[PDB]
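Q: Quick one: this structure, given as structure tokens, is what I'll be asking you about.
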Amino acid sequence: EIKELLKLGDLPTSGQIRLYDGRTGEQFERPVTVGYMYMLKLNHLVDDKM
Amino acid sequence: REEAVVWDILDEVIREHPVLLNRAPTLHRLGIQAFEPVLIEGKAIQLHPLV
Amino acid sequence: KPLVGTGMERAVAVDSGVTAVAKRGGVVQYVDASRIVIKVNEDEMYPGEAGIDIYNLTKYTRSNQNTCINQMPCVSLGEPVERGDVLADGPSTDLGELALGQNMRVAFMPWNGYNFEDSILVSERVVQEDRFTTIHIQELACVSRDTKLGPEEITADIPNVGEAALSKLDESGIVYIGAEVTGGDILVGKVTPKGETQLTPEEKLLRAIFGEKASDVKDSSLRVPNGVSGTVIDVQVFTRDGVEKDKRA
Amino acid sequence: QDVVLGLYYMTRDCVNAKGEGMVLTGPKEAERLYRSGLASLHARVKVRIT
Amino acid sequence: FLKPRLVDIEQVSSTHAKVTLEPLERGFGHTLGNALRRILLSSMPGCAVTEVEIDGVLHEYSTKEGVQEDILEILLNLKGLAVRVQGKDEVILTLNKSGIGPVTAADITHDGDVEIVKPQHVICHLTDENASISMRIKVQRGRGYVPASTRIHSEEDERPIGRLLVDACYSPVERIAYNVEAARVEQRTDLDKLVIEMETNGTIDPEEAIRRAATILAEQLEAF
Amino acid sequence: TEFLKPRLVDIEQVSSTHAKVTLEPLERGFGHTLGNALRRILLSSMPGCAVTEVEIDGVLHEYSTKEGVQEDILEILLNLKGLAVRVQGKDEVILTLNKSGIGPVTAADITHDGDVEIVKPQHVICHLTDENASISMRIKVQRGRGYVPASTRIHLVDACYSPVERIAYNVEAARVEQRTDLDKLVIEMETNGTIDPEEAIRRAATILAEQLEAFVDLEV
């Protein structure tokens, strides 16, 4: 289902694409996984802990 | 006041002066290790990976 | 909103009281950041007292964890609303769903050991977009007590402070609503009596040369805790019943 | 962890890769061969070492 | 050693465009394209709103009666207002409006150097017949990201408590993507092309951008 | 909105051929673009001359054994690559290895031409075994703007043109007064002796500057 929805997306089945280092501009060997991950900021925030 | 001139003085008193770093479950003596302080902008402590 | 969901988040958003849910279906007469007024349909409407359902939204206020809790309207002027529909979003809720955080573009790959253990390496694009930014609401207090040496004053007259220090305070000694403060700023001027400092010889010489009258009053004023900085969204004054309320109060 | 994946990926050999079989004066022009995109990180090669 | 030069600069939308550099030697398409990506994304001239002073408002955390947007959201909406100037390094815009309806970016008071690139850009809405919002929107010009926090060191009587500082957004550039395709000029052994497809808010022209980019690039070579 | 420029504070150079130069203070992010661009240029494209091909007097093959020489022909080819050849206005020059005997053949045992200059008379080409040990031959160099491998001469010796034997750049934090975080960029480079590292950098980025002459204005 996910790959099928990726087809509809224009994006590869692998879920991985080519990426380039923003520093050297040269390509990274091998494909790397890029996607959208829902992320939370817990409140441990450092200006409390310090 | 945190006047501009004090940061340099702090860089003076920091140089050869080590600090002790320790973690929560101290077991073996390596639980505490001495390091040379490096001034960093941030509230987080930076600790060498190999340690 | 979660990009990758479950289908429970809607239920959590609604069932938990953080959102504002329509009591009765109708059309929206008015939408303010303050309140929301809905015009009820007749079939759901009781015969007497006509009606419109008025919803007073919770605005910026202190949560238990010292985070901010603020409701935002999810509806616009003159919109159809079904009975049991979300009228306003609570904190961390989007359009009637539960958003506890933010989804983002992520790449799995070692980057120069900056991700070393669990460590996270985040672009400047994120801190600039201010998305992961958080609003904290703290409640600070100043207590005027009774000491055997005398009562404590909330007065704006504070021994040893510059005009810059007494600037952010009104005549009565309390900080203006809306003034942005940082560490060291005086929120509330407070002074308590301690008389007869009982100084020493060299200090007495110093006073003799500089002709300063050492006050019988000590500075107890409540100041912003070191390092924390923000803006003042409210102030309250509780007074013992029968004591004269000062100017500010 | 990351470091050892680095050194492991570094010295390893695939069957066929850019610069397979050729020969180099020393580690210097080996690295120079690699960074210029001419030779692959892992390829069976004879090089002179001291 | 043939030095390159640009070629057709193709505007697609008011937002973005694809520029191009024809005469490129061996491997230099990357050597240029990536450096130019770097300097393009990072260091560029831009004009964004800084200080906003609204009608009855002490701080960004309150609500103004008659508008369904919280002051915080309105300031956030202002941070995304794209403008451009000519002969001024700071200009103070004047926004006024009332009556029921959306308050867009075109409702401001036009000035000599003012150019509103997105007149439909939303500031905030207006929910009641008689309610009126006036604001002095102070827009200056600068580089990089200056957050409202680091702004106060200088201080020096910022006393107008009605003045709300916002974080500096200064930058034309959104996204920069370079591609190197082999380009055959009618006669030469092998050469490549640099297609630099950039993305902007329309407040900077492509040739201007790429030019000052290359400029700073060379300006760092000043060592020798 | 005015911009920050450095000038090199320290050049710390080991011996002659090797150099490690520090450059600072930079703008944030500029250390990596400078370093990477200059590195790609220095490495992949530089003017220089080396050995494209050498005829074997003894045999026709890279796989063989010479009389008086334990070195396999490919090993000798290796040594040939490492020979430092800086040629004058003569575009192409060919030398001869003439020498024979019981002693190892150096780079000073090659013939001397007019426009030819070898940087290392010490350079070891091949050892000679006992007695006569017939050896001598002719070496053909070439010119290149980049680095051209051996197989790349499609229609055999790897041609190493670019004087750079290595390039690295360390970008570490730089501190200036009230300026929080800056870039301290350290370029370290080795050469084959033809051109010294210090000017090698200069010409390398002169290439870049030339690539950029079609664009900028102002500061000049």
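Numbering starts fresh at 1 for the residues of each chain in the structure tokens, the chains themselves are lettered A, B, ... in the order given, and ligands are numbered from 1 as they appear.
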If you count only C-alpha atoms, which residues fall within 6 Å of segment 24-37 of chain D, apart from same-chain ones fewer than 4 positions away, as a ChimeraX atom specification?
A: /D:47-49 /F:44,78,165-166
Q: Any chance you can output those residues with C-alpha atoms as a CSV table (one decimal), in the first residue's frame?
A:
chain,number,residue,atom,x,y,z
D,47,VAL,CA,50.1,0.2,-4.2
D,48,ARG,CA,53.6,0.9,-3.0
D,49,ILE,CA,53.8,1.6,0.8
F,44,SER,CA,41.2,17.8,-10.2
F,78,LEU,CA,55.6,3.6,-10.6
F,165,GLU,CA,50.2,15.3,-3.8
F,166,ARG,CA,47.4,16.0,-1.2
Q: Any idea which chain C residues end up within 12 Å of chain E if we count only C-alpha atoms, as a PyMOL selection string please?
A: chain C and resi 28-37+57-61+68-78+88+124-125+127-131+135-137+163-164+167-169+175-182+228-234
Q: For chain C against chain B, which residues fall within 10 Å using only C-alpha atoms, given as number ranges by chain?
A: C: 113-114, 116-117, 184
Q: Check which residues of chain A sit at most 8 Å from chain B using only C-alpha atoms, and return one row each with the closest pair of atoms and their distance in Å to one decimal, ordered by chain and rising number, as CSV.
A:
residue,atom,partner,partner_atom,distance
A:46,CA,B:43,CA,6.2
A:47,CA,B:43,CA,6.4
A:50,CA,B:43,CA,6.5
Q: For those residues, write N, CA, C and O atoms to a file as a tab-separated table (two decimals), in the first residue's frame.
A:
chain	number	residue	atom	x	y	z
A	46	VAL	N	16.86	22.31	28.01
A	46	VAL	CA	18.15	22.46	28.68
A	46	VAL	C	18.28	23.68	29.59
A	46	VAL	O	19.03	23.66	30.56
A	47	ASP	N	17.55	24.75	29.29
A	47	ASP	CA	17.63	25.96	30.11
A	47	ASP	C	16.85	25.79	31.41
A	47	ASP	O	16.85	26.66	32.28
A	50	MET	N	19.80	23.01	33.20
A	50	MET	CA	21.14	23.55	33.49
A	50	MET	C	21.26	24.15	34.88
A	50	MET	O	20.42	24.94	35.30
Q: One number please: atom CA of residue 237 of chain C to atom CA of residue 138 of chain C, in Å, one decimal.
A: 16.2 Å
Q: What does the distance between atom CA of residue 19 of chain B and atom CA of residue 38 of chain B come to in Å, to one decimal place?
A: 10.3 Å
Q: Please identify all polymer residues within 9 Å of segment 89-94 of chain E, counting only C-alpha atoms, omitting same-chain residues fewer than 2 positions from it, and present them as a ChimeraX atom specification.
A: /E:47,85-87,96,108-111,113-114,134-142
Q: Taking only C-alpha atoms into account, which residues of chain A are within 9 Å of chain E, as a PyMOL selection string?
A: chain A and resi 22-26
Q: Extract, using only C-alpha atoms, all DNA, RNA and protein residues at most 9 Å from residue 134 of chain F, discarding same-chain residues fewer than 5 positions from it, and format them as a ChimeraX atom specification.
A: /F:58,66-68,99-101
Q: Save the residues we just selected, N, CA, C and O atoms, as a PDB file, in the first residue's frame?
A:
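File out_39.pdb, as written:
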ATOM      1  N   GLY F  58      64.446  -3.120 -23.218  1.00  0.00           N
ATOM      2  CA  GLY F  58      64.557  -4.550 -23.035  1.00  0.00           C
ATOM      3  C   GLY F  58      63.446  -5.312 -23.727  1.00  0.00           C
ATOM      4  O   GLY F  58      63.718  -6.134 -24.592  1.00  0.00           O
ATOM      5  N   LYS F  66      63.670  -7.565 -16.598  1.00  0.00           N
ATOM      6  CA  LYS F  66      64.899  -7.074 -17.207  1.00  0.00           C
ATOM      7  C   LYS F  66      66.113  -7.804 -16.639  1.00  0.00           C
ATOM      8  O   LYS F  66      66.078  -8.299 -15.512  1.00  0.00           O
ATOM      9  N   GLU F  67      67.181  -7.877 -17.426  1.00  0.00           N
ATOM     10  CA  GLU F  67      68.451  -8.411 -16.956  1.00  0.00           C
ATOM     11  C   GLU F  67      69.184  -7.332 -16.171  1.00  0.00           C
ATOM     12  O   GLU F  67      69.465  -6.258 -16.700  1.00  0.00           O
ATOM     13  N   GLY F  68      69.483  -7.614 -14.907  1.00  0.00           N
ATOM     14  CA  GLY F  68      70.180  -6.660 -14.063  1.00  0.00           C
ATOM     15  C   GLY F  68      69.246  -5.856 -13.179  1.00  0.00           C
ATOM     16  O   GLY F  68      69.688  -5.014 -12.396  1.00  0.00           O
ATOM     17  N   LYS F  99      72.853   4.920 -18.857  1.00  0.00           N
ATOM     18  CA  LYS F  99      73.716   4.542 -17.754  1.00  0.00           C
ATOM     19  C   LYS F  99      73.681   3.015 -17.797  1.00  0.00           C
ATOM     20  O   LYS F  99      72.725   2.435 -18.312  1.00  0.00           O
ATOM     21  N   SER F 100      74.712   2.371 -17.260  1.00  0.00           N
ATOM     22  CA  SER F 100      74.700   0.932 -17.013  1.00  0.00           C
ATOM     23  C   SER F 100      75.783   0.615 -15.993  1.00  0.00           C
ATOM     24  O   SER F 100      76.706   1.405 -15.799  1.00  0.00           O
ATOM     25  N   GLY F 101      75.663  -0.527 -15.327  1.00  0.00           N
ATOM     26  CA  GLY F 101      76.638  -0.900 -14.322  1.00  0.00           C
ATOM     27  C   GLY F 101      76.044  -1.686 -13.170  1.00  0.00           C
ATOM     28  O   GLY F 101      74.955  -2.249 -13.273  1.00  0.00           O
TER      29      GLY F 101
END
Q: Residues of chain F no more than 9 Å from chain A, counting only C-alpha atoms: send them over as a PyMOL selection string.
A: chain F and resi 29+32-33+35-37+40
